[PDB]
Amino acid sequence: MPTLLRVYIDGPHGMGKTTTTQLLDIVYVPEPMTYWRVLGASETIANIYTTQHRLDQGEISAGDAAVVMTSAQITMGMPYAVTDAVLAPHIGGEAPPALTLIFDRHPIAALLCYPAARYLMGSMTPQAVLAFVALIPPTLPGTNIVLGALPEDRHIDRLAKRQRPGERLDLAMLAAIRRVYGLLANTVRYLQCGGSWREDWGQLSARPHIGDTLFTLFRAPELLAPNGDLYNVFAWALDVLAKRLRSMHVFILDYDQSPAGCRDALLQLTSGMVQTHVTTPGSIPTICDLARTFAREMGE
Amino acid sequence: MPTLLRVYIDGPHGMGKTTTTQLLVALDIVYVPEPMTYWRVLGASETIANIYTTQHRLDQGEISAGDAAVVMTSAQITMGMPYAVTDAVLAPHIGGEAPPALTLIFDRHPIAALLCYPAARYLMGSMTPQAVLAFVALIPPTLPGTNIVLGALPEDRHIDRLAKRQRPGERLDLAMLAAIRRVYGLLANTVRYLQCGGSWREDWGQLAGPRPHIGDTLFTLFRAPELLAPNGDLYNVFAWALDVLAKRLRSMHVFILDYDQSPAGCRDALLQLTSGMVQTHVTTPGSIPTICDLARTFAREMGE
Ligand SMILES: O=c1[nH]c(=O)n([C@@H]2CO[C@H](CO)[C@@H](O)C2)cc1I
Ligand SMILES: O=c1[nH]c(=O)n([C@@H]2CO[C@H](CO)[C@@H](O)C2)cc1I
C-alpha cells in the first residue's frame, strides 16, 4: 500500500512551532485550541496558568493545585489520544510518500512532558505523572518527533510575543518545560545507545548519563520505599517509559532563525525521517479526512 | 510454546468478587488483587475515602459539580494506575490465541477504572462526559484472550451485601450502587451488540441472545448535550472516542457469573465458565515465569 510520513513538531511552547508548520499530499493536524477552550471544558489554558499563579501565591495548596492540574492535563491530551487511537490501525510497517501528516505536538506532550514540568512546578504529583506515562499509547512505527532548539533569552522573546488566551508569562514554567524536553531528547539517545535505567539507577545516589535523562525526575521520595527502593509499580511505569521512547525518531530543529528558515530547516530534516505503509489502500483518504476534520473542528 | 489463560473478574463492588477468586486460586494459577495499598498509600492518601466523601459533599451541596469533577477525575487516575502498568508490562508477553501452563486471575480489568466507574460517576453528577471519553480514548489495546467475567446479583441481595462489603472509607451510597449496576449491565449489552455486528453510527439516530438496542448499550450515555454540536450531531472528537470504545470492547470475551449463591458455589461456577474461555500462547516460553513474578510481586506490594 501507499506510504505515509508522520511528523510531530513538539517542544516547549513559545518557540514558533505552530508557525513553521503552517509554513510547510500534506495535511496539517493543528493545535486543539477549540477543544481546550470549549469542547472539552471551559478555557483550560487559563485554568492551568491561574492555578499555578494561585499556588505560587499561596492562595491554594499543592494538593489543590495537583488535583486541578491533573484534571486539566486530561483535557489537554484528549484530542491527541483519540487521534492516535483512530490512526493506529492504518499504520503499517516501516517503508516520495503519498501523504505527509504534520502534527502540532505528539501525545507525549500531554501525557509526559507537561506533567513532568508541572511536577517540577510543584503542581503535580510524581505518582500522577507516572499514571499518564503508563497510559502512553504504543509507539507506532515511523514516529518522527521534531523537537526545537532556541537560546533561553531568545525564547523569552518569542514566548512573550505569543501567549494563548488565558496564558501568563511564567518564566519558571518556561525553564521547567525547557528542562523536561532537553531531558526527553537525552533519554532517547540514552535508550538508543543501550541504556538500562535499572542498571544505571544507582548512579543517581557515547550516551548520556542517566542523571541527564527523564529517569532522574523519578528519584522522588514519594516513589521510594522506606529503604530508598523504587516501588515496583513505579519501576514498571519506567519500563513503559523506556519502551515508548526507544522506538521514536527524534530530530532537532533550530528555531533561532526566521520563519521561512525554520520552514526550510524542517524540510531538510524531513529526508532522514522514517516512512511507513498504510494498512489498506483506502487508508490515505481516510487519514486525510481525519486530519482535515480534526483541523476544521478543533483548530482556531 | 506454552499457553496462558487470563480471567478478569469484574463487575460492581459489594458482590464477593475478590473472595471467589481467592477461593479459586486456593485450588499454575496466580492472583493479581485489588491494589488497595496503592489506593490508600503508594499512589495517594486514602483514595477510596476521597472518592466517597466528595460525592457526599456534592450531594450535600457543600461543593459544586465542577469541584467534584476535578476531584473524581483526579482520583480515577490513581485508581486505574496499577491496572494500566500491569497491562503495559504484560502486553508484549501475550501471543496469539491458542490445560494452561498458567492461569492469571485478575481483580478487575483496566476498563473498570477507565470506563465503568467514570460513566457511573458521570451518571452521579460527579464527572463530565468529556472526561469519561478522555479515559475511554486511553483504554489500552485489547489483547487476545481477554476473558472478562461480570457478576449478576438481584438488587436487594446486592444492597444488603454492599452494606457488608464496605472498604475503609466507603459509604453506603445506593445511588452509586444503581449507577454502577446500570453501567455494567450496559457494558455487557454493548459487547453483545458489537459482536452481533452493531454499528453505533448507524443506530445513532435511534437513541448470547439477540442483539441489543443501541439504547440499551453504553452508547446511550454519550448522547449528552455537552458532546453535541450546534446541528445536534456529536462532535467528531467524541465520535472518534466512541469508535475506540467499540473497538476495545468488541474483542473481549464476556462471561456472566451468578453471585446469588455461596462462596464455594461462586467458586465452582467460576470454574465451569473457565472452559469456554480463550487461551493464548506466550511470546517467550520464559514469559510464564516472568508473568508469575509480576503477579506475585504486584500482590505482595499492593495487596491489602
Ligand atoms: O498538556 C499540555 N499542557 C499545557 O499546559 N499546555 C500549554 C497550553 O498552552 C500553550 C499551548 O502551547 C502552552 O503554553 C502549553 C500544552 C499542553 I499539549
Ligand atoms: O475506579 C474505581 N473507582 C472506584 O471508585 N472504585 C471503588 C473503590 O472502592 C471500592 C473498591 O475498589 C469500591 O467502592 C469501588 C474502584 C475502582 I477499580
# chains A, B, ... in the order shown; residues from 1 in each chain; ligands from 1

call {"tool": "interface_residues", "arguments": {"of": "chain A", "to": "chain B", "cutoff": "6 Å", "atoms": "only C-alpha atoms", "output": "MDAnalysis selection string"}}
result
chainID A and resid 40 67 70:71 78 82 127 131 134 237

call {"tool": "residues_near_ligand", "arguments": {"ligand": "ligand 2", "cutoff": "10 Å", "atoms": "only C-alpha atoms and all ligand atoms", "output": "NGL selection string"}}
result
:B and (10-14 or 18 or 34-36 or 39 or 47-52 or 72-73 or 75-83 or 107-118 or 120-121 or 162 or 165-173 or 176-177 or 180)

call {"tool": "atom_distance", "arguments": {"atom1": "atom CA of residue A:233", "atom2": "atom CA of residue A:204"}}
result
19.2 Å

call {"tool": "atom_distance", "arguments": {"atom1": "atom CA of residue B:196", "atom2": "atom CA of residue B:246"}}
result
12.2 Å

call {"tool": "residues_around", "arguments": {"residues": "residue A:129", "least_positions_apart": "6", "cutoff": "7 Å", "atoms": "only C-alpha atoms", "output": "list in words"}}
result
residues 112, 115 and 116 of chain A

call {"tool": "write_last_selection", "arguments": {"atoms": "C-alpha atoms", "output": "PDB file, in the first residue's frame"}}
result
ATOM      1  CA  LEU A 112       4.586  13.164  29.762  1.00  0.00           C
ATOM      2  CA  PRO A 115       3.064  16.649  33.601  1.00  0.00           C
ATOM      3  CA  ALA A 116       6.769  16.356  34.472  1.00  0.00           C
TER       4      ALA A 116
END

call {"tool": "residues_near_ligand", "arguments": {"ligand": "ligand 1", "cutoff": "9 Å", "atoms": "only C-alpha atoms and all ligand atoms", "output": "PyMOL selection string"}}
result
chain A and resi 10+12-14+18+31-33+36+44-46+48-49+69+72-77+80+104-115+118+159+163-169+173-174

call {"tool": "residues_around", "arguments": {"residues": "residue B:25", "least_positions_apart": "4", "cutoff": "10 Å", "atoms": "only C-alpha atoms", "output": "JSON, numbers by chain"}}
result
{"B": [20, 21, 29, 30, 31, 103, 104, 105, 267]}

call {"tool": "write_last_selection", "arguments": {"atoms": "C-alpha atoms", "output": "PDB file, in the first residue's frame"}}
result
ATOM      1  CA  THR B  20     -14.329 -16.092  44.993  1.00  0.00           C
ATOM      2  CA  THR B  21     -11.090 -15.515  43.161  1.00  0.00           C
ATOM      3  CA  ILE B  29      -2.609 -20.129  38.886  1.00  0.00           C
ATOM      4  CA  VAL B  30      -1.607 -16.734  40.179  1.00  0.00           C
ATOM      5  CA  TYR B  31      -3.801 -13.978  41.534  1.00  0.00           C
ATOM      6  CA  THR B 103      -3.850 -19.066  34.781  1.00  0.00           C
ATOM      7  CA  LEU B 104      -3.850 -15.413  35.666  1.00  0.00           C
ATOM      8  CA  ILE B 105      -6.826 -14.372  37.764  1.00  0.00           C
ATOM      9  CA  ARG B 267     -16.008 -20.571  43.060  1.00  0.00           C
TER      10      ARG B 267
END
